[PDB]
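Coordinates in review
Listed here are the chains, written in short residue letters.
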There are 8 protein chains.
Amino acid sequence: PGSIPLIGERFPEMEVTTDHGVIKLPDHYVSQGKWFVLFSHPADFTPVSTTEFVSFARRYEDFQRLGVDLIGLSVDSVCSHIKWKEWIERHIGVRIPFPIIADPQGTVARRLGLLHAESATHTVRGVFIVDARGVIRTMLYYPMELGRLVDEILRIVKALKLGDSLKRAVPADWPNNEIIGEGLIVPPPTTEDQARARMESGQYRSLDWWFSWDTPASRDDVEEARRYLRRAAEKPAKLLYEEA
Amino acid sequence: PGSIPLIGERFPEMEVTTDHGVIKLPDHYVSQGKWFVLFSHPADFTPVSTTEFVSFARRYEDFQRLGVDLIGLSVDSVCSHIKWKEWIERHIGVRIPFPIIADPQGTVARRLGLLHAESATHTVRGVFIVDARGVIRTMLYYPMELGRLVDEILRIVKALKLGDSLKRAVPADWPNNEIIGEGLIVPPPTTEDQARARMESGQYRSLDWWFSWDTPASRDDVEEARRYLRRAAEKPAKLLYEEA
Amino acid sequence: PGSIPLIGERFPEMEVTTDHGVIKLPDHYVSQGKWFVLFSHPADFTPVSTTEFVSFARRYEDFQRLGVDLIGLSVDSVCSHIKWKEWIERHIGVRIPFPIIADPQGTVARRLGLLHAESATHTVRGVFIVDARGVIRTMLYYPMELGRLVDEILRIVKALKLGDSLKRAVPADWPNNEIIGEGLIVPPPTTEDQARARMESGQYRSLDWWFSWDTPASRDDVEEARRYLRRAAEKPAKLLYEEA
Amino acid sequence: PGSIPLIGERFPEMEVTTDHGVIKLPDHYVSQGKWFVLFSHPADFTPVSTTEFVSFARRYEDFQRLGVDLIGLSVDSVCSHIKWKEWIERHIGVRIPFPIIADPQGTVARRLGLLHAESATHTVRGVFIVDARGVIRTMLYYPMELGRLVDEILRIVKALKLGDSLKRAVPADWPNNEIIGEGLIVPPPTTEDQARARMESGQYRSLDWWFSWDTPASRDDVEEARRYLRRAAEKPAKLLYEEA
Amino acid sequence: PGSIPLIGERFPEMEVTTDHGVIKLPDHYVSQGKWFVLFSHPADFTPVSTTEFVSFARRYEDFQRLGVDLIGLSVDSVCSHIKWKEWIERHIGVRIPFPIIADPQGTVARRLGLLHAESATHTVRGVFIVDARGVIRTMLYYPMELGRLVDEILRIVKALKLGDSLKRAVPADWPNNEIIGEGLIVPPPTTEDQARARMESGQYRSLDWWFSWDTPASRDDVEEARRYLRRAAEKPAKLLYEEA
Amino acid sequence: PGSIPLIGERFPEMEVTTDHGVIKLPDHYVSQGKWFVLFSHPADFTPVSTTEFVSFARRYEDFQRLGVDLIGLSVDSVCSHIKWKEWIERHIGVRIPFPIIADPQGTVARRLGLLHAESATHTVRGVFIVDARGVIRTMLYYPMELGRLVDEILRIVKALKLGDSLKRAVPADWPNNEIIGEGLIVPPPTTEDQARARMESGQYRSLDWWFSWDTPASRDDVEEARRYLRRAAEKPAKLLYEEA
Amino acid sequence: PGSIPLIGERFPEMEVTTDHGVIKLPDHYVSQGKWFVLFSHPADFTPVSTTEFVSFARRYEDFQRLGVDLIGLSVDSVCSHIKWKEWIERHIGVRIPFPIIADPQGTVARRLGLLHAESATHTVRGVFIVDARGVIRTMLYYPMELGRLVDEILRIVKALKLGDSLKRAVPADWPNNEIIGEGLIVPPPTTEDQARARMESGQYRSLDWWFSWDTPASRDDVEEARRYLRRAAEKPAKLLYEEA
Amino acid sequence: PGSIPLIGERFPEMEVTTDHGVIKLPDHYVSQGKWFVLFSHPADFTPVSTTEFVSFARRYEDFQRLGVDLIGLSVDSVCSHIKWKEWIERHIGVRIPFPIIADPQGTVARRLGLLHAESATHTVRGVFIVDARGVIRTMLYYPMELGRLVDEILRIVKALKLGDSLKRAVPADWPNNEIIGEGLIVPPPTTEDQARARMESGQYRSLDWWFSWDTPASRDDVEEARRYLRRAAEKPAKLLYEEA
Ligand SMILES: *CC(=O)c1ccccc1
Ligand SMILES: *CC(=O)c1ccccc1
Ligand SMILES: *CC(=O)c1ccccc1
Ligand SMILES: *CC(=O)c1ccccc1
Ligand SMILES: *CC(=O)c1ccccc1
Ligand SMILES: *CC(=O)c1ccccc1
Ligand SMILES: *CC(=O)c1ccccc1
Ligand SMILES: *CC(=O)c1ccccc1
C-alpha cells in the first residue's frame, strides 16, 4: 500500500530546500559527475538518527574518495536542521558537512515512498543510491527502531562502480565470496551460440556456461572494500560519549 | 515508478507455489512462531543468484538460531528450481534446504514491487524481513549486478529481535556504534512531562532528554551480532570453486 | 485558491499530537467548558514566532481568567517544540506553559486553510477563537512578516463572552466606541411590529428603531477590557533582551 | 467549509459596482500606487456596522497618510448605500467619504469567502489588506456580534509598509514588543553559511543566529503606530450619541 | 435563457424572510384559504417600484375583498424594506400594509425566474398569481423601464375566481368582450357525443358546438370588474406629489 | 419544470411555418424595422382563443400605427388555421389579417416555454413583445381559462416606445399614475456625485435624489395611451354575437 | 473467458526473446519467405513437453524441406531453455536446433490466448501455423495431459501450401479422402452464372455444381503427405529410451 | 482479434436448435455420461464440409464405441441442414446420423470464437472436445481451405479417456512415441521430497525424477488408437465418387 521510484529509473526531477540552499535533484550531483546517497530519518533530535549522521560524517571522506556525496532528508525545517547540527558539533564533537533536505509537507517523502505504516508523520530510514547519470541503483528501507550499517552503503557504492568499470556483476558478500573470493562475474551468455563460444574459448574460470568469473579488480580496490567491512566488524578503540 | 508493501504492514495474504509445496504467506510462518526472510533473484542458473543461495545456505543454522525461515522467489518454475538446486549440490557441494517460490506470471513479483526498470521480466534482489506476527520489518532492493551481504540480513534480524525483547532502538553500526558501542537507545520522550521525568531520573547514561541509552544486551547477543560482521569482513579460508 | 472552516461552524473533529500528548479537538476543551485559541506559526526557532509565544505566555493568566486555553500549531515535530521551549526558557527566561500541535505532514494546516501562497511548506499566523460549544467565533490570518497583537485576541474573547452572557452585539472599538463608549447594542428588530414595539417601549437609548443600546457590562468587565488595550498602548518598563 | 483567496495571492481580478461608480479591483488602486483595505458588513442600517463605518471615517485621514484607500462591501444595493450614508451624516454628523461595493447576488462575497455559517444571506465582517502591487497581505474575519478594532487595522498596514520599507519582520505587539520593544527583526538565515556569516559580522543585536534585530524605524514611524494603540486604549472625550 | 415554475404547478415550497417575519409559501396563504399575488421589483428606493407599491396599497382593500393577499420581493434586506416603507409613508402619505420578501442572495429570484438579461443583480417586475390551493394561475414579466397596470392584476384574480365558482372560461377583454359582452364561455365538448348533445339540448347561446356561453355573473361581479378598468382609464382627480 | 427566453435577450433565431408562409424570427420583422407581438393559444376552434383573435383583429390598425406586427402560434396545422380564419370571417364577420404559426410538434412552444402544467399538449396564452432590434421587452403568460386584455398589450408597446424615445421609465398605471399622473421618470442616479449634482441642478420635479420626473410626452402620446384603457373600460356599443 | 488472434489475421507484431536471440514476429520469418509453426508447452523439464520437442526435432528436416521454421514458447527463462536442451541432447541423444521463446511474464501467452483454465501460470499446448505473408492459417490447442501428433502439423502445412499454389481446397483426411482420394477441391461457384458455366464446361469431375475436383498434386507431394501419416501409424523399430 | 471459451472451462450453458430439435449444451450430453465433439463448417452444400461430414459419418461407430456423440454447427437454417443431409444420402449413399446446430445469427459461433478474419459471415472449421462432466478438453481451429483429419479427433478422445482412466499424461504421437512407444507418463513430482521418494521407490522406468512412465494401457487400448492412425495413412480401397 505505497508507491516508489525503481532501480534503473532516473531519480525523479525535483527542487528540494536543504540547510545548504535550494537544489535540483538529481541535476545538482549529475552536473558535478557525482553519485549521491539520499537517506532519510524520522526527525531531528532523535537518538538513532543522531548516531547515523555521526556514522555518515565519519565516513564522509570515504564517500568523497568514491566521488559520492550525501544528502539527508526529514520532515523537519531548515532551522531545526541547523540547530541539530550545532547540537551534534557541540555535544559529540562531530561536524556534519553534508546537507539535509527539509520536507515539512512530506512532498519528497511521498515521491520516494519514505512514509511507511510505522509512522503516518515521519519518514523511515530510506536509502537511495543514485549514480552520475542520475539513475537509481539500489534502495534500502530500514525501520525507525534500527540504525543502518553505513559500511554496507560504502561497499554497495564501491562494488557498483567496480562492476560498471570492469563490466562485471558482483558475487554475494564480495570481496569475501565463499565460491570465488574477490572474483567478479562475467554476465552470462544470452544465446546458445554465445554459451557454446564462451565454453570452447576457455577465456575464464567457469563452473558452467552461465557461471564464469575472473579477478580483474586491483589490490587497492579490493583492500578499500575489505577496509569498510573490517571497520564494521571491529569495536571502536574509543567511544565518543566518553569526552561528551 | 512502482508500488510496494510497507514497513509496519502485515505481509500481504497470498498462496504461493514453492518447490516444497503450496503455502499461504505469512500464515505458514506465523503458525510455527517463525520470522521469515523472503528474498528474490532474477532467474535460476544465474551466477550472482547462485552465490547468494550458497551464502544463505552456509548461514542457514545462523537463521535457525534466530528462529528465522528463508524463502526464495524467482519467475522460474518449480522444475527449474529443483534442477538448479541439484546443480548447486552436485557442482558446489552445497545443499539448499529452504523453499523457492515459483512465480511465472510475476503475480507475487508485482505484489511485492520486485519488478524494477532494470528488467520487465525478472525480479531484482528484493529482501522482505517479516516477524512472527506477519509484519514487514525491513525491505531491501539490491539490483541485478550486485549480490547481497547476507551477514547484514542476520544483523538486521538479530537487532530487530533484540530491540523488540528489550524495548530499545539500535544505534547505527551496532554493536560497534562509534558513540555508545554495544549500547541500546531508550525511545525518546514524546511529551514535556516525560522529558522532565527523564532529565530528573539519573536512570540512564544520557547526552540530552531525547538521547538516553544503557547496555541491556547479553554478551552472547553482542558477540553473535559482531561475529556476523567478522565473517563478512574475513577472507574465506578455502574457496568452494577449488573443492568443486 | 484555498479553503477554510467558517465562523459559526463547529471546529472540525480531529486528533492532534501536541508536546503535552494526544488530544481530540474541539472535544478536549468542550469537555472542560473552556474556550480555546488555536494559533499557528511557520516554524520553531523563528524570531517573530518566538516574540508571539512570549507575548501569549505573558498573557496566559489573562486567558486563564476568561476560561480560555491556548494551543499553538506548526509543521515541526514534538522534539523541535520541546527544544524550542527549552531555548525560550533558557535565553529569554519565559516558560511557555501551553501545548503546541506538531503537524509534520500539514494535515491540520490544510484542514484549517493555514497554508497561504506566502509559503507552500509553512503555516501563516492563523488564529481560531473557539467557544466552549466547539464553535469557531472569529478567524485572523496574519502573514509571516507581521507579529500579532495578542491584546486584540484577549479583547475579542472578552467582548464575545460579554455579548454571549448579556445577549448584546459589541460596537466598533469597544469598550471605547466613539458613539456609545462602553455601551452594548441590542440586536435590531427583524419585523415592522418588532420595530414599532421597540421604539414605543422607551426601554433603551436609540438613534433609530434599528440602533438601540444600554450599558449592562459591569465596571470590572469594562476595566478588564480597557487594561488589555492600555497594555498594548504602553511601552513595557523593561525589555526581556536585557538579561538575554 | 468555504473557499478564500490567500495571503501572497493577487487580489482576484473583478469589476465591482460601488456607490461611487464601477471600478476594477485591484487595478483601480494598483494604478494609483495605493494599498486598499476592503472590509465587509452584513447590511446597511445595522448598528455595529454603523459604528464601524463611523470608526473608519474618523480614521480616514490616518489611512490617507499611509497611502491606503478604504472600500466597504455588503449585499445591499447602491441606493441603500447612499440612503445609509445620508442617515449617518444627518443623525451622527459624520460623512462617509469612501466607496461601498453593492453585492446583491453575493458574487463578490462568495469569491472572497465572506459568507460564513453564521448567515447564508449576509457577509461577516471580513477585512482584506491589499498592497500597491495588488497582493493580499492580511485577512481578518470578525463575526456579526463583534465590531472590529480599526486602530489594529491601521497598525497592520503601518507595520506591513515599514517591514517592506526596511526589509524587516515585525515582532508581536510592535512597537511595544516585550523582548525588543520598537526593534524590527532581520529575516533569519536560510543556510548554515549565512547563519555563520551573520553571527561573525557582529552587525546586529542577536539572541541566536536565527533571532537578530536592529532599530531602523524612525521615531515618527514608532510614535504614529503607538498613537493608533493609545487611541484604541483611550476612553473618548465626547460620545457622538450625545450630539444627536 | 432561464427556467420558471409553470401555470398549473403548485407554487414551490419555500421559507422566505419578509419584513413581517418568516413565512412558508404557499402554505401560509393556503392555510387561510387566501389567494396571493407575489410580485417582484428591482430594488427599494427606486422610483417605478415606489409608484407600483403605492398603486398596490391604494388597491389593497379591493384585493382583500377578493380574499387575495399581496407579497412583494426584492434582493434588498428587511432593514432596507422597513426604511423604504417609512420613506413612502412620510413622503407620499401612503402606508404599505403588506409584506416584502428580502432575497439578498437571489435564492427566491432564481427559483421563480425573476432574473432576466436586463440585470444580473436585480429582479424584473414579475407577478405570480397563486390560488387558495397554492397553484400558479397566471405569470406576468414586466421589465425595469415599465410599471405594471395593477387594475389588470385585479381583473385577472376577479375573472379567475368567477371562472372557478361558475365553471366558465372568460372571454378576451371581459367584462367588455366585443362578441358576448359580459358573457362567460362554457368549456367546449371533448367528444363527438358531447358536441351533438350540446347543440341538441338548446341550453346555451351558441356560435357552434365548440362556442357556447351564458351570462351567469351577478351585476355586482361585472360592476366590480368594470370598476377596476374605469379606474385604470380615469386620470386621478388629485396627484399625490402635489399634496406632499 | 419549464425553460423561457428572458427580457433583454434577443428573440431566439428560428424558422417558423405560418398560414402566410415560412419566415425567420426575429429577422423578418427586424428587417422592416417593426416590433412584433408573438402570442399563443391552445388550439383553433376554441372559444376564448376566437374572442382573443377577434379582439386582436379589431385593434390591428392600432398595432400598425405603432409599427407593431402580430403573429399567433398554436400546435394546430396550417390547414386548421385557414379553416378557422374562414369560420371567423363567415360566422363573426371579422377577417384575421395577421399570420398564425403552425407548431404541430410543439418545437416553438417548448423553445418559448409555452407548454405549462395546465396542458402537456396545448400552449397557454403566452405574449412575447419584441422590439425592432429583435429584443424581448415583456412576457405575459395567461392561462387556458382567461382571455387577455388586448388594450394592455397596446399600452405596454406604446409606453415602451415612449420610454425608449424620451429615455424615461414609465410609472405604474401610466398615463394615470396616482403620484405623477402622465409624468415619466428619469433613471435614478448611480453614484453619490450624480445624486448631489441632480438635486442641486433643479432640472426636474423630485421627491428625493432617486425619484425625479418631468412631462416630456406629447398630449397626443398621452391621450392615445389613455384611449386604449378607455376602450378596455367601455361597455361595447353593439355585440358581434347579434349579427353572428 | 479468454481472447485469441484469429485465422486470416496477421500474426501480431511482437519482439520476443528466444535462446537464439531477439526476433520480431512475424517479420523474422516473412523476410525469409518462411512459414513458421509457433507452439507452446507448459514448462521446461516436463515429460510430455520433452517428448514433443524430440518429435519436432526428428521432423525438423521435413519442416525445413517445406520451408517451415519451428519456434517453441514457455514462461521459463532462456537459461532454463538452454539447460533443458543440454539435458535432452545428453540423455536422449537428440539436439533441439530450433529456438524457444522465453515468456516469463506471460506477455506472449496472453497475446496468443495460451493461458487456459487448466493452469493460470503455464501455457497449454498451442500451435499457430503462420504463412510466409505472416498470416495465421491454423490454430490448435492441445491440453497439458495430451502430447500433439506432430505428423498432423506437417500434413496441415503441406496441404495449405499445396492449396495455395494449386488454388484448391483440401478434402477431409487428404491425401486419403474416402470420396475423392488425393483429389483437391475447386472452390465452389459464387453466382448462378458461374454455376451454370462450371457445369456445362465439363472441365472437372463433379457431384454437383458446388462439388468439383481434379488431381493436380504431384506424385511427390502426395507421397510426402502419405509418408507423414505412415510414420504416425507405425511403431518405431527402436525406442530412444533404450540407447539412453 | 476474437474471444473463446478455454480448455478446463465448462462448455458454456446454451440452448441450441438442431435438425433433431432443441437441446441444452452441455447438459444434454452430461446427463447421458457422454463426451461430445462439437464441430463447425462454413455452410451446407460446400464440398470440403461434405467430405468432413462423410468422414465423421463413416467413423460414427468408432465415436459411439468411445461414448462420444457428434454435433455439427453452421449459420444455415434447419431446412438447409435436412436438404443437405438428403443430398449426401442420395448422391454419396451415406446417412449422417448426428444432429447439426442451425446458428443463423451466429450467436453460438460468436460464443465459441468460430468467426475468424477468414470470413465475417461463415464459421471456420472449429472442434470442441467436451468430456462427460461438460469440460472443454481440446480445441482445434482448421481454416476454410483445409479439411480435418477425423482420425486425429478419435485419437485425442481415446488418449484423453485413457489418461483420465489410468491417471497418466500421453506422450507426443502416442501410441507410437519415439521415446517410450505406447508408454504413458506419470505426472511429474511437484516437491523435492516427492522427487526424491519417486527416484528411491524404483516403481517406474525413469529418465529423471520429472520423467517417469509405465505401460498400463491394455493391448486393445493401444491397438485401437494405432488403428485410427493406420486408417488415416491407408489409401482408400474404393473411392465413393465412382458409385455416385
Ligand atoms: C529556518 C527555517 O526553517 C524557517 C525560516 C522561516 C520560515 C519558516 C522556516
Ligand atoms: C515441475 C514444474 O515446474 C511443472 C510441472 C508441471 C507443469 C508445469 C510445471
Ligand atoms: C520527539 C519527536 O518529535 C519524535 C520522536 C520519535 C520519532 C519522530 C519524532
Ligand atoms: C440605486 C440602486 O441601487 C438601483 C437603481 C436601479 C435598479 C436597481 C438598483
Ligand atoms: C434588518 C436587517 O435587514 C438585518 C439585520 C441584521 C443583519 C442583517 C440584516
Ligand atoms: C395545410 C396543412 O396543414 C397540411 C397539408 C399537407 C400535409 C400536412 C399538413
Ligand atoms: C538465465 C537467463 O535466461 C537470465 C540471465 C540473466 C538474467 C536473467 C535471466
Ligand atoms: C426451414 C427452416 O429451417 C425454417 C422453418 C420455418 C421458419 C424459418 C426457417
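What counts as what
- Residues numbered from 1 in each chain as written, not as in the entry; some residues may be left out.
- Chains lettered and ligands numbered in written order.
- Part of a larger assembly, values for the part shown.
- Heavy atoms only, no water.
- UniProt positions renumbered as here; feature names shortened; annotations may be inferred.
- Contact = heavy atoms within 4.5 Å.
- Buried area = accessible area lost by both parts, 1.4 Å probe.
- Salt bridge = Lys/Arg side-chain N within 4 Å of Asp/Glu carboxyl O.
- Polar contact = N/O pair within 3.5 Å; in protein donor to acceptor, adjacent residues only side chain to side chain.
- Helix = DSSP H or I, 4+ residues; strand = E, 2+ residues; numbered from the N terminus.
- Nonpolar A, V, L, I, M, F, W, Y, C, P; charged D, E, K, R; others polar.
- Pairing = 2+ DSSP bridges.
- Axes fitted to C-alpha atoms, helices over the stretch in contact; angles between N-to-C directions.
- Buried < 20%, exposed > 50% of the residue type's maximum accessible area, 1.4 Å probe, protein only.
- Near = heavy atom within 4 Å.
- Areas by Shrake-Rupley, 256 points an atom, 1.4 Å probe, with all protein chains shown as cover.
- Least-squares fit on C-alpha atoms.
- Domains from an automatic or database assignment.

Looking at the PDB entry, one finds chain A named Peroxiredoxin and attributed to Aeropyrum pernix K1. Of chain A, the UniProt comment under Catalytic activity reads exactly: "a hydroperoxide + [thioredoxin]-dithiol = an alcohol + [thioredoxin]-disulfide + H2O".

Counting residues at the interface gives 82 residues for chain C and 82 residues for chain D. Both faces considered, chain C and chain D share a buried interface measuring about 7,000 Å² in area, 65% of it formed by carbon and sulfur atoms. Among the salt bridges present, the one from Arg59 of chain C reaches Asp173 of chain D, with a minimum N-O distance of 3.9 Å. Remark: the boundary between chain C and chain D carries 42 residue pairs in polar contact. In terms of residue count, helix α2 (residues 47–58) of chain C provides more of the side of chain C that touches chain D than any other element does, eight residues in total. Per-class residue counts for the side of chain C that touches chain D are 47 nonpolar, 14 polar and 21 charged.

Residue and element names in this part refer to chain A. If you walk across this open sheet you meet the three strands as β9-β11-β10, and the pairing is antiparallel. Each edge of the open sheet is held by one strand with a lone partner, namely β9 (184–186) and β10 (205–208). Averaged over all neighbouring strand pairs, the angle between strand axes comes to 35°, with direction disregarded. Across three bridges, β10 lies against strand β11 (residues 211–214) in antiparallel orientation. Residue pairing for β11: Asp208 is matched across the bridge by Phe211.

The closest approach of any C-alpha atom in chain A to one in chain E is 38 Å; the two make no contact. Note that chain C does not reach chain G: the shortest distance linking a C-alpha of one to a C-alpha of the other is 38 Å.

Summed over the entire model, instances satisfying the criterion amount to 209 salt bridges over all chains. Of the charged contacts, one joins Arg196 of chain C and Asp193 of chain C as a salt bridge, the two residues approaching to 3.4 Å between their closest N and O atoms. Here the residue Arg196 of chain C and the residue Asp193 of chain C both occupy positions in helix α7 (residues 192–199), the gap between them amounting to three residues, near one helical turn. Its relative accessible area of 59% is what places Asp193 of chain C among the exposed residues. For the salt bridge of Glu178 of chain F with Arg58 of chain E, the shortest nitrogen-to-oxygen distance reads 3.2 Å. Taken together, the residues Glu178 of chain F in the loop between α6 (150–166) and β9 (184–185) and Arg58 of chain E in helix α2 (residues 47–58) connect one chain to another. What emerges from the salt-bridge pattern is a single network uniting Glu178 of chain C together with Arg58, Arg59, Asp62, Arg65, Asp151, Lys158, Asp221, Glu224, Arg227 and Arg231 of chain D.

Every residue close to ligand 4 is listed here: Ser77, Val78 and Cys79 of chain D, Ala43, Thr46 and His122 of chain E together with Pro188 of chain F. Site remark: ligand 4 is flanked by residues from chains D, E and F. With respect to ligand 4, the backbone of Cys79 of chain D contributes an N or O atom lying 2.8 Å from an oxygen atom. Burial of ligand 4 by the protein chains amounts to 78% of its free accessible area of 270 Å². Split by residue class, the shell around ligand 4 holds four nonpolar, three polar and no charged.

A separate point is the relation of the copies chain C and chain D. Superposing chain C onto chain D takes a rotation of 180° plus a shift of 0.1 Å along the axis, which leaves an RMSD of 0.2 Å. When the rotation and shift are considered jointly, the pair of chain copies conforms to a two-fold rotation axis. If distances are taken from each C-alpha of chain C to the rotation axis, the shortest is found for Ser3 of chain C, at 1.8 Å. The share of interface residues of chain C whose copies in chain D are also at the interface is 98%, consistent with both copies meeting through the same surface.

The next point concerns unusual backbone geometry. Excluding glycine, residues mostly have negative phi values, and the peptide bonds linking residues are mostly trans. With an omega of 10°, the peptide bond running from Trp174 of chain A to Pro175 of chain A counts as cis. Despite not being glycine, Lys167 of chain E has its phi angle at roughly 60°, a positive value. Tracing the backbone through its elements, the reader meets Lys167 of chain E in the loop between α6 (150–166) and β9 (184–186).

Residues and elements named next belong to chain H. Surrounding ligand 8, one finds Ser77, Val78 and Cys79. Backbone polar atom of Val78 to an oxygen atom of ligand 8: 3.3 Å apart, as the coordinates give it. Contacts to ligand 8 include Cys79, whose backbone N or O atom sits 2.9 Å from an oxygen atom. Against a free-state accessible area of 270 Å², the protein chains account for coverage of 35% of ligand 8.

What follows covers the relation of the copies chain B and chain C. Overlay of chain B on chain C (RMSD 0.3 Å): rotation 72°, translation along the axis 0.9 Å. Both copies of the chain, as the preceding transformation shows, are related through a five-fold rotation axis.

Contacts between the two partners involve eight residues from chain B and, on the opposite side, 11 residues from chain C. Looking at the side of chain B facing chain C, the largest losses of area belong to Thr191, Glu192 and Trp209 of chain B, adding up to 71% of the total buried there. In this assembly, chain B and chain C are joined by two salt bridges. Of the charged contacts, one joins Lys85 of chain C and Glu192 of chain B as a salt bridge, the two residues approaching to 2.6 Å between their closest N and O atoms. If you look at where chain B meets chain C, you find four residue pairs in polar contact.

Residue and element names in this part refer to chain F. Summarising the element assignment, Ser74 is placed in strand β5 (residues 68–74). A polar contact of 3.4 Å, which involves the side chain of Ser74, links it to the side chain of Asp44. Look past the residues within four positions of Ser74 in its chain and what remains in contact with it is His41, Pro42, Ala43, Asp44, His81, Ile100, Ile101, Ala102 and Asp103.

Below, the discussion takes up the domain arrangement of chain A. All names here are of chain A. The domains assigned to chain A are domain 1 (1–145) and domain 2 (146–244). The C-alpha centroid of domain 2 is placed 26 Å from the C-alpha centroid of domain 1. Interface area lost by domain 1 to domain 2 is led by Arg59, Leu66 and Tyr142, which between them contribute 29%. Viewed at the interface, domain 2 and domain 1 are joined by four salt bridges. A salt bridge links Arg137 to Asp164, with the shortest nitrogen-to-oxygen separation between them at 2.8 Å. Linking domain 1 with domain 2 are nine residue pairs in polar contact. Elements with a contribution of two residues or more to the side of domain 1 that touches domain 2: β4 (35–39), α2 (47–58), α3 (60–65), α4 (78–92), β7 (125–130) and β8 (136–142). Here the side of domain 1 that touches domain 2 gets six residues from one element, more than from any other, and that element is α2. Its residues assigned to classes, the side of domain 1 that touches domain 2 shows 17 nonpolar, six polar and eight charged.

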